[PDB]
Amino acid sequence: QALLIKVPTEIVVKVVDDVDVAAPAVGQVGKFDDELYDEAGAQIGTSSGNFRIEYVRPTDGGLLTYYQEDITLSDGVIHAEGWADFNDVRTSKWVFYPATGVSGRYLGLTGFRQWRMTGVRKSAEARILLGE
């Protein structure tokens, strides 16, 4: 009924970007490819995605970025896309956005992709929380 996939290690195996991490700006973009590891560190899949910093939120100066990604797990695909504050990304805080099970065991399931950067341009901790 409800499923939690905890991913303590997510590795960024390639990223192409013109993001200035110390000073991000609207218009900056990234395309990335990740590998995902379970709680005892075997491979559970890959993600491929991109993002774009889109606007400055006037309430807090947030640098609102749109992410879109396909997470190919070993027992089904999951699509995730939505908004994140890049000021949270770069200060190692958690972000999240909707995820939709696209096939396999994940057919029918919807919920949320969560992650926090543990290593600039290199690693993240992630969760995938799903229900039916």
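One-based numbering along the sequence shown.
Segment of higher mean CA temperature factor, 36-44 or 81-89: Mean B over CA atoms: larger for 36-44.
Mean C-alpha temperature factor, higher of 93-101 and 69-77: Looking at the record's C-alpha B-factors, the answer is 69-77.
Taking only the Cα B-factors deposited for this chain, tell me whether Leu130 sits in the lowest, middle or highest third. CA B-factor rank for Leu130: lowest third.
Using the B-factor values recorded in the entry, state whether the Cα atom of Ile53 falls in the lowest, middle or highest third among the modelled residues of its chain. Middle third - that is where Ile53 ends up once the chain's C-alpha B-factors are sorted.
Please rank the C-alpha B-factors of the chain's modelled residues and tell me whether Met117 sits in the lowest, middle or highest third. Its C-alpha B-factor belongs to the lowest third of this chain's values.
So where's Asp17 on the chain's Cα temperature factor ranking, which third? Bottom third by C-alpha B-factor.
With respect to C-alpha B-factor, does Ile11 fall in the lowest, middle or highest third of the chain as deposited? Middle third of the chain for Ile11's C-alpha B-factor.
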